[PDB]
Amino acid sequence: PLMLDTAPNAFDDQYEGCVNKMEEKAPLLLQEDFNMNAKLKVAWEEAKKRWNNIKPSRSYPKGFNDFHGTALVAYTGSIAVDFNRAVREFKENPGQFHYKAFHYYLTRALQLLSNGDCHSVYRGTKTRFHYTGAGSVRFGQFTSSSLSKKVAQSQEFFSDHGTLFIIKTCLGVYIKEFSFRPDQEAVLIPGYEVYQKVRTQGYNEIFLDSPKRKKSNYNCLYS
């Protein structure tokens, strides 16, 4: 069973007041991440190819470059697990975080694609989540969900040993056009969104409501 709280030790940078400095420094940072993260380099190289094929079909927000595009495509890939893990356990040993550029770009991609729009999404897991009554909740790590409750429940993401999150998000972004899917109608939620209303139903259902955007514990850490 995993703990569901405010994610106090999760790298949650929102980059307030430093996107310009990051867009300039992130390119070098990505290289540094690569030199010490083979899996990421490979994951990224593959995502870049897919991105090239996706890019022509639609137009993107002003400032949405290939880094943003590639990062988002990669996330819907297999690099997602190790990346969320690295973010979730950041405070532990913050010296071994080789997703400095990656985190920024994915974070920026969602902000550039973000609107005021709120959605009703669902997320399934095969690992039981226990709300530890902090008062509110944040996923910490980026979290993917689906507009389809049926998808979140499919044997692909959920099981009796797990949990089904019923979430109302307002920072979440519809990334169908980016995923390798795109039938899972995925909505990517930043780990820094705060749910002021938490409710547990039965042993495997958790409702997250009253989404709000509050400051993060980290800000422009690598700017």
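Sequential numbering from 1, following the sequence displayed.
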Averaging the C-alpha B factors as listed in the entry, name the stretch that ends up higher: 64-72 or 50-58.
-> 50-58
Give the stretch, out of 145-153 and 98-106, with the larger mean C-alpha temperature factor in the deposited entry.
-> 145-153
Among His119, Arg138, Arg123, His130, which carries the highest Cα B-factor?
-> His119
How does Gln201 rank on Cα B-factor within its chain, lowest, middle or highest third?
-> highest
If you rank the chain by CA B-factor, which third does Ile167 end up in: lowest, middle or highest?
-> middle
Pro190: C-alpha B-factor third of its chain, per the entry, is the lowest
Modelled-residue ranking by C-alpha temperature factor, third containing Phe180 | highest
Which third, lowest, middle or highest, does the CA B-factor of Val173 fall in along this chain?
-> highest
